[PDB]
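So you can see what is in the structure, the chains are spelled out below.
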Amino acid sequence: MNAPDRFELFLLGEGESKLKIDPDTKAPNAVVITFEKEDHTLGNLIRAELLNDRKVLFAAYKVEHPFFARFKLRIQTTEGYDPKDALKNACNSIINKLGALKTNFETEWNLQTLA
Amino acid sequence: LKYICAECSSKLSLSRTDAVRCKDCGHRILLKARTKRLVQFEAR
Amino acid sequence: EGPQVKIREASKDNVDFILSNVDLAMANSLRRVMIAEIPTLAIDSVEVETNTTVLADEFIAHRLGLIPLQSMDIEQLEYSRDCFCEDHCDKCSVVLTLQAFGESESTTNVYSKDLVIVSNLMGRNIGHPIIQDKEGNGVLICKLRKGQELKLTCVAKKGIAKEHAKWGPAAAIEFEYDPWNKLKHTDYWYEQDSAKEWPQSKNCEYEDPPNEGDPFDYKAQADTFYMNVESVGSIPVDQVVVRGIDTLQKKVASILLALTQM
Amino acid sequence: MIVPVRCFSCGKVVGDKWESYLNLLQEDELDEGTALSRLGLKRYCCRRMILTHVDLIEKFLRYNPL
Ligand SMILES: [Zn+2]
Ligand SMILES: [Zn+2]
Ligand SMILES: [Zn+2]
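Residues numbered from 1 in each chain as written, not as in the entry; some residues may be left out. Chains lettered and ligands numbered in written order. Part of a larger assembly, values for the part shown. Heavy atoms only, no water.

A. Up close: the pattern of salt bridges. Per the counting criterion, the structure on display carries 17 salt bridges over all chains. Of the charged contacts in the structure, one is a salt bridge between A:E8 and A:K37, with a shortest N-O distance of 3.7 Å. Linking A:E8 in the segment before β1 (19-23) with A:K37 in the loop between β2 (30-36) and α1 (40-52), this pair joins segments that are 29 residues apart in sequence. Residue classification places A:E8 among the partly exposed residues on the basis of a relative accessible area of 44%. Here A:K37 falls in the buried class, since its relative accessible area comes to 8%. A salt bridge links C:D44 to B:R44, with the nearest nitrogen and oxygen atoms 4.0 Å apart. Since its relative accessible area comes to 8%, C:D44 is described here as buried. A relative accessible area of 30% means that B:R44 is categorised as partly exposed. (Salt bridge = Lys/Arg side-chain N within 4 Å of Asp/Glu carboxyl O. Helix = DSSP H or I, 4+ residues; strand = E, 2+ residues; numbered from the N terminus. Buried < 20%, exposed > 50% of the residue type's maximum accessible area, 1.4 Å probe, protein only.)

B. View of the coordination of the zinc ion (ligand 2). All names here are of chain C. Looking at the zinc ion (ligand 2), one finds its protein donor set to be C83 (SG), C85 (SG), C89 (SG) and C92 (SG), positioned 2.3 Å from the metal centre. For the zinc ion (ligand 2), the donor residues sit on a single chain with the sequence spacing C-x1-C-x3-C-x2-C. In this structure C83 comes out as buried when scored by relative accessible area, which is 9%. (Donors = N, O, S within 2.8 Å, 3.2 Å for Na, K, Ca; no water.)

C. Representation of unusual backbone geometry. Residue C:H88 is not a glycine yet carries a positive backbone phi of 55°. Counting through the fold element by element, C:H88 comes out in the loop between β4 (69-71) and β5 (94-101).

D. Spotlight on the arrangement of the chains. Across the 5 pairs of chains in contact, the largest number of contacts is found between chains A and C. Across the gap from chain A to chain D, with no contact made, the nearest C-alpha atoms are 20 Å apart. (Contact = heavy atoms within 4.5 Å.)

E. Here's a closer look at the pairing of strand β9 (residues 140-144) of chain C. All names here are of chain C. Among the 5 residues that make up β9, 5 are buried, leaving the element largely enclosed by the rest of the structure. Relative to β9, strand β6 (residues 108-111) runs antiparallel, the two being bridged by 4 bridges. Bridge pairing in β9 places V110 opposite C142. (Pairing = 2+ DSSP bridges.)

F. Here's a closer look at the coordination of the zinc ion (ligand 3). All names here are of chain D. Coordination of the zinc ion (ligand 3) by the protein is provided by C7 (SG), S9 (OG), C10 (SG), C45 (SG) and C46 (SG), with metal-donor distances spanning 2.3 to 2.8 Å. Expressed as a motif, the donor residue spacing for the zinc ion (ligand 3) is C-x1-S-C-x34-C-C. Summarising the burial analysis for this pair, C45 and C46 share the class buried.

G. Region of the structure containing the sheet that holds strand β2 (residues 14-19) of chain C. Residue and element names in this part refer to chain C. The 4 strands lie next to each other as β1-β2-β12-β11, forming an open sheet whose pairing is antiparallel. At either margin of the open sheet sits one strand with a lone partner, and together these are β1 (5-10) and β11 (173-174). Across 6 bridges, the pairing between β2 and strand β12 (residues 225-230) is antiparallel. Looking across to β12, one finds that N14 is bridged to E230.

H. Highlighting the sheet that holds strand β3 (residues 42-51) of chain C. All names here are of chain C. Taken in spatial order, the 4 strands make up an open sheet running β3-β10-β5-β7, and their pairing is antiparallel. Each end of this open sheet is capped by a strand with a single partner; those strands are β3 and β7 (116-117). Pairing between β5 and strand β10 (residues 149-157): 8 bridges, direction antiparallel. Bridged to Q99 within β10 is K151.

I. Quick peek at the domain arrangement of chain C. Residue and element names in this part refer to chain C. Looking at chain C, the domain boundaries give domain 1 (1-39 + 166-262) and domain 2 (40-165). The centre of domain 1, based on its C-alpha atoms, is set 34 Å off from the matching centre of domain 2. At the interface, 16 residues of domain 1 touch 25 residues of domain 2. Summing the contributions of domain 1 and of domain 2, the shared interface buries around 1700 Å²; its carbon and sulfur component is 57%. On the domain 1 side of the contact with domain 2, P39, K166 and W167 bury the most area, a combined 50% of that side's loss. Ionic pairing is found between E37 and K162, a salt bridge with its closest N-O pair at 3.0 Å. When grouped by side-chain class, the residues that make up the side of domain 1 that touches domain 2 number 8 nonpolar, 4 polar and 4 charged. (Domains from an automatic or database assignment. Buried area = accessible area lost by both parts, 1.4 Å probe. Nonpolar A, V, L, I, M, F, W, Y, C, P; charged D, E, K, R; others polar.)

J. Seen up close, the packing of α1(A) against helix α2 (residues 83-112) of chain A. Residues and elements named next belong to chain A. The geometry of α1 relative to α2 is characterised by a closest axis approach of 9 Å and an angle of 105° between their N-to-C directions. In terms of axis orientation, α1 runs roughly perpendicular to α2. Within the contact between the two elements, α1 uses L45, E49 and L50 and α2 uses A86, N89, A90, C91, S93 and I94. (Axes fitted to C-alpha atoms, helices over the stretch in contact; angles between N-to-C directions. Parallel < 35°, antiparallel > 145°, perpendicular 65-115°, else oblique.)

K. Region of the structure containing the environment of C:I130. Residues and elements named next belong to chain C. Among the structural elements, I130 can be located in the loop between β8 (126-129) and β9. A residue is classified by how much of its surface remains accessible, and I130, at 18% relative accessible area, is buried. Put simply, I130 and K113 are 17 residues apart on the chain and 8.2 Å apart in space, counted from C-alpha to C-alpha. In this structure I130 touches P68, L69, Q70, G233 and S234, once residues within four positions along its chain are discounted.

L. Layout of the interface of chain A and chain C. Listed by partner, the interface residues are 34 residues for chain A and 35 residues for chain C. Both faces considered, chain A and chain C share a buried interface measuring about 3600 Å² in area, 73% of it formed by carbon and sulfur atoms. Of all residues in chain A, A:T41, A:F105 and A:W109 bury the most surface against chain C, accounting for 18% of the area lost on that side. Where chain A meets chain C, there are 10 residue pairs in polar contact. (Polar contact = N/O pair within 3.5 Å; in protein donor to acceptor, adjacent residues only side chain to side chain.)

Structural data, given as structure tokens:
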């Protein structure tokens with residue numbers, strides 16, 4: 001009997017990490033990352049904003065199979081600049097932009113509530 | 001309370017031959033008294 | 001500061017607004033978070049003490065499971081999951097009870113406004129089933145006549161919309177950008193005219209018409225989105241928008257700290 | 001059967017609206033399309049369920065069990 005349910009759909013790695021940090025062997029300074037318990041709702045955002053950054057050279061994510069809530073992501077960039085530093089810069093950009101969005105939303109919501 | 005038999009709520013409490021044709025009814029088919037034991041469900 | 005926001009109109013149950021100076025993945029991910037990831041409260045497990053009605057037991061379970069519940073104070077308690085307790089302490093769950101009787105000669109309905117909170121509510125605004133109409137009745141559950149009985153013990157838990165549609169607040173969403181197709185992200189199937197054979201967007205007049213003859217503005221990029229959020233009513237709509245932005249950033253910050261800890 | 005809870009497509013609660021939609025057609029003599037409009041279901045994925053749901057529950061209910 002051993003067919004998985006939806007508990008494993010989003011609960012983070014039980015006896016396991018959140019992510020793998022594995023170096024590619026086909027191009028200089030490339031690293032693949034395996035997130036799990038995530039999907040497009042993450043991955044597209046990270047890829048798009050990381051591509052918006054200029055110092056990177058390649059950024060693309062894929063999900064393997066919709067039966068599994070894991071997905072990969074490949075980053076290479078020019079020398080000196082670490083890909084992990086690129087990723088953490090990207091995350092900082094994301095947190096700061098949508099925190100601003102949140103603020104802005106409560107301001108306008110309170111304004112629209114008349115008086 | 002062990003058997004039903006009918007539209008009547010005749011709780012026959014049957015051991016043997018206490019007018020299975022229940023007194024208020026006429027029936028002789030003797031339906032069998034859904035349990036008091038506590039049951040579990042799962043509203044997924 | 002950054003991503004400006006403009007409110008077109010608002011109500012008790014739906015928000016319609018404008019979002020600018022943002023990128024496409026940003027908006028779309030907000031949409032998906034807001035449709036799938038909001039934590040809430042819903043009834044989850046049910047014990048039939050006694051059923052008699054025509055209506056079947058797992059109908060009673062399933063149709064119970066879909067009644068929306070008051071979830072302003074949802075953040076105060078924690079998952080049954082993560083809870084230090086076992087078997088639904090007050091500090092992870094809430095308990096619901098239903099009573100019915102075939103009293104009248106007529107058929108008697110059982111509305112959602114009959115189930116009552118039993119356990120410690122500990123002063124946090126949780127669990128009262130929403131009554132949307134102006135006639136007191138909640139949503140209909142079951143009907144009875146003169147002899148049927150229901151005795152229900154119910155337990156609600158945290159849950160999120162990803163693993164079941166019970167735990168959704170979302171209920172609908174809308175989304176639109178470039179109503180005039182200036183970005184050329186589509187072209188229209190037609191047989192005489194694209195312009196004649198398609199209805200104009202309602203959001204057309206918010207931007208100018210494409211000025212008819214100017215060349216293809218290739219360097220441009222999508223912005224200025226058009227959202228309409230419409231919650232079911234288990235939680236106010238401003239709360240669902242703000243909580244969705246909050247939980248998305250919580251997710252991203254979590255991945256950041258995991259990376260730094262690695 | 002009862003009206004469903006919760007339109008399968010969209011998710012908006014339906015089931016409060018049922019007996020209201022009935023008495024919109026009993027005494028108010030109203031056309032039903034306008035009845036759903038005045039009931040306030042402007043998308044049509046929600047609209048199909050009230051317009052097509054049949055009520056077998058009372059036809060069940062006219063037995064005499066126990
Ligand atoms: Zn009998
Ligand atoms: Zn607990
Ligand atoms: Zn719908």
